[PDB]
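Chain residues, written in single-letter form:
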Amino acid sequence: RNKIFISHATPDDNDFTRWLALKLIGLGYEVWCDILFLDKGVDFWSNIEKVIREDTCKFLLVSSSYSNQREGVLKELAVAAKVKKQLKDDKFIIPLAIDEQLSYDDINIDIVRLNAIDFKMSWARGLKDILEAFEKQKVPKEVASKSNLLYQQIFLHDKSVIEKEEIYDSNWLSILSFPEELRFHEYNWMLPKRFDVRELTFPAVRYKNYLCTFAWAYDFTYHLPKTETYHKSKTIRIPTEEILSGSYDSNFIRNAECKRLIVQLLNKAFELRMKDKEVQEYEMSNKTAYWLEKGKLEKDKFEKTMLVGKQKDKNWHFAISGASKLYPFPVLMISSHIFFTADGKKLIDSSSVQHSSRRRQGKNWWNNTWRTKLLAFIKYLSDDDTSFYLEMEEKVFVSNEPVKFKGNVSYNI
Amino acid sequence: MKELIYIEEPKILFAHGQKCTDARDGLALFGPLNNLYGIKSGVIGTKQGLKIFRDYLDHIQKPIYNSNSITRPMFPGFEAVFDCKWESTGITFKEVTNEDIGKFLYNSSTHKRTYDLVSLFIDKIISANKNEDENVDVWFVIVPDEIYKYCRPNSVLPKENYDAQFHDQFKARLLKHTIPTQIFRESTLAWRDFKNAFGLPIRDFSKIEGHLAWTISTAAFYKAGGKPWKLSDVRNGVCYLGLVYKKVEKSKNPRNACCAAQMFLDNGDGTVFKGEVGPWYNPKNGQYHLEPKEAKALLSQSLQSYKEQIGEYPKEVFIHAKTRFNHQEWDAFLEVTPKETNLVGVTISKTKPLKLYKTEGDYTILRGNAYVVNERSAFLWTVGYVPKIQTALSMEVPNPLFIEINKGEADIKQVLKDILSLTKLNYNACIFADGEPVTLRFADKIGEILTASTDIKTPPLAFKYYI
RNA sequence: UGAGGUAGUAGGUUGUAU
DNA sequence: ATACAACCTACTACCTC
Ligand SMILES: [Mg+2]
């Protein structure tokens, strides 16, 4: 008794019956179907009766609108009920509800007390239910690798996410403190106002004539001795909270221009602070990066994370890049890079070999290593316990802990 | 401390009305939407190329297994998946002699070499299309490695009008004949027989052979007229459009060409997915904004196509772009738009540097996670860990799309859901999904071919002539 | 170009003041 | 033409699926 009998309306349920029979044969189950195993020139009713009585171990019924009141299906159902009564098997007949148009209250009296298997929503979920029921009932099956692959494919087609709380580490460093006011210093000529505006000890820029600084005028006395005699006015003095909230207006300077100037000042201060920290510099096509040397750490094992290593014969170093932004809220985006140096203090001229080495190295790191290295680099960059400052007497504070993100879904490895 | 929403994975519609999330798991279980009877394959190239293609075609018909079948579902053979015959007994072969290949390949100028050699490959295809009584579905152009290596804009020989790229030129020179061709490399089909230094293959296909067969079979089935799958949760009369700007290069003055793709659902519940071609030209260098006349013409053509296919006007029109529309563009668009049609212009970019690292795991952030910055801006992780295939779509930490509703007002969650659904219609490949909406990707594919030639007048809308 | 992804390298446009 | 920010494309070289 190994056969599995499928009853259906012969010319109306052909597609589903053929699909299910071929699938069930795929996983090693022996199936008897009238559209695939009924011989030609044979007494088909006697053959069907003999198969049901002496061969089948299960009886699957394709319960649809066409097969609800089909005479042959009903005769097969009656014989199956008699065989099930003889066998003392409660789960002999298993209807398969495949038609949505057939209401669950209009089913015939033969299967009105049996619980069907829902094939209306999904055929693969119905097949999964059938396979689970068969495994629970220990239906005989003779298998090898292909059958297991198909079984796993059917069982894994519905895998999805679970409702679990998840915490993610980002690369955005939120800015906590800002200078009290934005200062516009009308320096007039001031000996061309130090036209370099890039070698100054503090970040400076010229909008119309007023230098845009968060510091005081006398802080620029060394680079601009004329500012010593400059009358301390530093007018306008927009409070930072007002401008950052999109409240400052009027034709003197637009709000978007003010925000862009603030971003430029933040970037200049970040670069000045990084050059103050004595960190090796790397020039790129679109930005600049900062990487430590071999002797900066002892022994390149900050918090057991490692920042310097050997690939084959070259010394790879983690490198950081910063970009201050105000959208959606004032933060610092931090980008990670890997830079290769042949010797203790040198660089590789060929950018092609540098790029190839970086791509080869980054293939075996993964998110845990990336995050740990980023956090270690940032914590090294931190000057205090929970923050580090950018020098604008005036200064701004940025936390050394990147802002976390929270989600309500996750997976189970 | 901010919360990420999760957008449910969209579903695609396979045969028998069944739905699934993975194309490989839906084709292997249920089958393609519509059925064809077989693929009559034409081949062009050397006799060695024909031998390699025949070997691969006979190899495809048997099931092929990968190293791990959970991440890479096995290929059960072309007939057992697509229910149609793709055999080596339907091949119509055309010979390109290696003597004639080396007669044009060694010209000093890359432009003349590529033009002559593309013409040599193209004339035989056209002649067999017009002057032969066979019927060929897809023309499989097997291209050796020497031709491929020295047919790029920057390629140079090893010390002894149209674009310089072989592929784009080849596809652009058949656009007036509407012949769907697939370009193959001998290394793709004969990777085992190709080695570089120590007898090892340059391309290690040993672990991914089933995936290669899946991609090739899906591309060939689509090119021959098949409908491998379609989107199931596509909404009502709202239609999606996608614009991509390309540089026409030194063809005729510094110019920019905008090419579009369009997608919607017809009255038969099917999926219409074509392109808007005849690229609209902006002559200003570095300007990726359409002039008001050009934008009016583009929107008018899109609306006319929708009304011809459906019979009325779309309720809502979404416009994805990689750039930001200025106000003159939207004024021009609204002067064509009827009253009942609502326009949303959405900009999708992948340059904002936000990486989310899991705190303890060795894997990456889930795919479909979204971080709504505000009612008009959000981040979407279209590349991430997929629990079904148990592997992220990217090896490193994935980068998210920054989706911003540049113009108009609409629900940002609906925009995110529509974009995530549109990431499932890549007929050029058999993958779970990709990180870019398929409208922008296919518009880019159309433009890279259209801007490779100057003689195109009325390009076809079907994608099988481009992809 | 079987296909996606991640990087790097060059160039350009707009706006703000000289 | 100089300085910046904020956007844009074309072109390779690796990596895996
Ligand atoms: Mg293709």
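As deposited, the entry is annotated with cryo-EM as its determination method and 3.1 Å as its resolution.

By the naming in the PDB entry, chain B goes by Piwi domain-containing protein and is assigned to Maribacter polysiphoniae. The record lists its title as "Cryo-EM structure of TIR-APAZ/Ago-gRNA-DNA complex".

As annotated in the PDB entry, chain A is TIR domain-containing protein from Maribacter polysiphoniae.

**So, the overall build of chain B**
Within chain B, the regular secondary structure consists of 13 helices and 17 strands. Computed over its C-alpha atoms, the radius of gyration of chain B comes to 23 Å, within 12% of the 23 Å expected for a compact globule of 467 residues. Based on the C-alpha atoms only, the size of chain B along its principal axes is roughly 60 × 50 × 45 Å.

**Things to note about the packing of aromatic side chains**
Residue and element names in this part refer to chain B. According to the stated counting rule, one finds 58 aromatic pairs over all chains in the structure shown. With 4.9 Å between their ring centres and 35° between their planes, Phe-78 and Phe-82 make a pair best called tilted. In this pair, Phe-78 and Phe-82 both sit in helix α3 (residues 78-82), four residues apart, roughly one turn of the helix. Residue classification places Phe-82 among the buried residues on the basis of a relative accessible area of 0%. With centroids separated by 6.1 Å and ring planes inclined at 85°, the aromatic side chains of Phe-121 and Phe-166 adopt a geometry described as edge-to-face.

**Brief notes about the coordination of the magnesium ion**
Residue and element names in this part refer to chain B. Ligation of the magnesium ion by protein atoms is provided by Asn-428 (OD1) and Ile-467 (O), these donors lying 2.1 to 2.6 Å from the ion. In this pair, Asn-428 sits in the loop between α12 (412-422) and α13 (438-450) while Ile-467 sits in the segment after α13, placing the two residues 39 residues apart along the sequence. For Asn-428, a relative accessible area of 27% gives the class partly exposed. A relative accessible area of 10% means that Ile-467 is categorised as buried.

**Quick word on the pattern of salt bridges**
A full pass over the atoms with the stated rule returns 34 salt bridges over all chains. One salt bridge in this structure joins B:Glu3 and A:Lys406, with 2.5 Å as the shortest N-O distance. Within this pair, whereas B:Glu3 is found in strand β1 (residues 2-6), its partner A:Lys406 is found in strand β18 (residues 404-407), the two belonging to separate chains. Taken together, the salt bridges that share partners define one network made up of A:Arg273, A:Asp276, A:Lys277 and A:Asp383.

**Some points on the side chain of B:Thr46**
Relative to the helices and strands, B:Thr46 resides in the loop between β4 (41-45) and α2 (47-60). Filtering out sequence-adjacent residues up to four positions away, B:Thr46 remains in contact with B:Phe93, B:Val96, B:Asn98, B:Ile101 and B:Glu186.

**Describing the interface of chain A and chain B**
On the side of chain B, 43 residues touch chain A, which itself brings 48 residues to the contact. Split by residue class, the side of chain A that touches chain B holds 23 nonpolar, 15 polar and ten charged. Taken together, the two bridges between strand β6 (residues 166-169) of chain A and strand β14 (residues 357-358) of chain B define a ladder with antiparallel strand orientation. Among the inter-strand pairings, A:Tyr168 is bridged to a residue of β14(B), identified as B:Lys358.

**Describing the sheet that holds strand β9 (residues 210-213) of chain A**
Residue and element names in this part refer to chain A. If you trace the three strands from one edge of the open sheet to the other, you get β9-β8-β10, paired in antiparallel fashion. The strands lining the two open edges of the sheet, one partner per strand, are β9 and β10 (235-239). Between one strand axis and the next, the sheet turns through 20° on average, direction left out of account. Note that strand β8 (residues 181-186) and β10 share three bridges and pair antiparallel. Among the inter-strand pairings, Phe-184 is bridged to a residue of β10, identified as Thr-235.

**Structural notes on the packing of α2(B) against helix α9 (residues 209-223) of chain B**
Residue and element names in this part refer to chain B. Axis separation between α2 and α9 bottoms out at 11 Å; the angle between their running directions is 100°. In terms of their interaxial angle, α2 and α9 are classed as roughly perpendicular. Contacts between α2 and α9 involve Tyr-56, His-59 and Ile-60 on the former and, on the latter, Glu-209, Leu-212, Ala-213, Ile-216 and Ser-217. Partitioning the contact of α2 with α9 into residue classes produces five nonpolar, two polar and one charged.

**Considerations on the UniProt feature "binding site: NAD(+) 3" (unreviewed entry) in chain A**
Residue and element names in this part refer to chain A. UniProt's feature table lists "binding site: NAD(+) 3" (unreviewed entry) at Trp-45, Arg-70, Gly-72, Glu-76, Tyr-104, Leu-114 and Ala-116, given in the numbering used throughout. For this annotated set, covering 72 residues, the C-alpha atoms extend up to 29.5 Å from each other, a dispersed arrangement in space. You can see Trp-45 is positioned in helix α2 (residues 44-54). Setting aside chain neighbours within four positions, we find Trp-45 in contact with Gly-72, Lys-75 and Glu-76.

**So, the pairing of strand β13 (residues 342-349) of chain B**
Residues and elements named next belong to chain B. The buried fraction of β13 amounts to seven of the eight residues, a majority that puts the element mostly inside the structure. Pairing geometry for strand β12 (residues 316-321) and β13, over six bridges, is parallel. Across the sheet, the residue bridging to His-320 is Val-346, located in β13. A crossover connection joins β12 to the parallel β13 through helix α11 (residues 327-334); in handedness this β-α-β unit is right-handed.

**Some words on the UniProt feature "binding site: Mg(2+) 2" (unreviewed entry) in chain B**
All names here are of chain B. The feature "binding site: Mg(2+) 2" (unreviewed entry), as annotated in UniProt, sits at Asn-428 and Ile-467 in this numbering. What stands out for the annotated residues spanning 40 residues is how close their C-alpha atoms remain, the widest pair being 6.5 Å apart. Non-local contacts of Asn-428, meaning those with residues more than four positions away in its chain, are made with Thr-215, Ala-219, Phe-442, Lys-445 and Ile-467. Not counting residues within four places of it along the chain, the set of residues in contact with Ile-467 comprises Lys-171, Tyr-222, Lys-223, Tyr-427, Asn-428, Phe-442 and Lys-445.

**Considerations on the protein's contact with DNA strand D**
Lining the immediate surroundings of DNA strand D are 23 residues, of which A:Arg260, A:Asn267, B:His211, B:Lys247 and B:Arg324 lie closest. For DNA strand D, the backbone makes up 77% of the atoms found within 4 Å of the protein, where backbone means sugar plus phosphate. Here A:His355 contributes a side-chain N or O atom positioned 3.0 Å from a base nitrogen of DNA strand D. Within the contact set of DNA strand D, a base oxygen lies 2.7 Å away from a side-chain nitrogen or oxygen of B:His211. In terms of residue class, the surface near DNA strand D is built from four nonpolar, seven polar and twelve charged.

**Thoughts on the sheet that holds strand β5 (residues 117-118) of chain A**
Residue and element names in this part refer to chain A. Strand order across the open sheet formed by five strands is β2-β1-β3-β4-β5, with parallel pairing between neighbours. Of all strands in the sheet, those with a lone pairing partner are β2 (31-32) and β5, marking the two edges. By the bridge criterion, two bridges tie strand β4 (residues 93-97) to β5 in an arrangement that is parallel. Within β5, the position partnered with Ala-97 by the bridge is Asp-118. In the packing of α2 onto the sheet, the strands contacted are β1 (3-7), β2 and β3 (56-63), and the crossing angle to β3 comes to about 120°. Helix α3 (residues 71-87) rests against β1, β3 and β4 of the sheet, and its axis sits at about 145° to β3.

What counts as what
Residues numbered from 1 in each chain as written, not as in the entry; some residues may be left out. Chains lettered and ligands numbered in written order. Part of a larger assembly, values for the part shown. Heavy atoms only, no water. Residues with missing side-chain atoms left out of burial classes, pairs and counts. Helix = DSSP H or I, 4+ residues; strand = E, 2+ residues; numbered from the N terminus. Rg over C-alpha atoms; globule rule 2.2 N^0.38 Å. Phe/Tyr/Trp six-rings, centres within 6.5 Å; stacked < 30°, edge-to-face > 60°. Buried < 20%, exposed > 50% of the residue type's maximum accessible area, 1.4 Å probe, protein only. Donors = N, O, S within 2.8 Å, 3.2 Å for Na, K, Ca; no water. Salt bridge = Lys/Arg side-chain N within 4 Å of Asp/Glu carboxyl O. Contact = heavy atoms within 4.5 Å. Nonpolar A, V, L, I, M, F, W, Y, C, P; charged D, E, K, R; others polar. Pairing = 2+ DSSP bridges. Axes fitted to C-alpha atoms, helices over the stretch in contact; angles between N-to-C directions. Parallel < 35°, antiparallel > 145°, perpendicular 65-115°, else oblique. UniProt positions renumbered as here; feature names shortened; annotations may be inferred. Right-handed = clockwise from strand over helix to strand, strands pointing away. Near = heavy atom within 4 Å. Polar contact = N/O pair within 3.5 Å; in protein donor to acceptor, adjacent residues only side chain to side chain.

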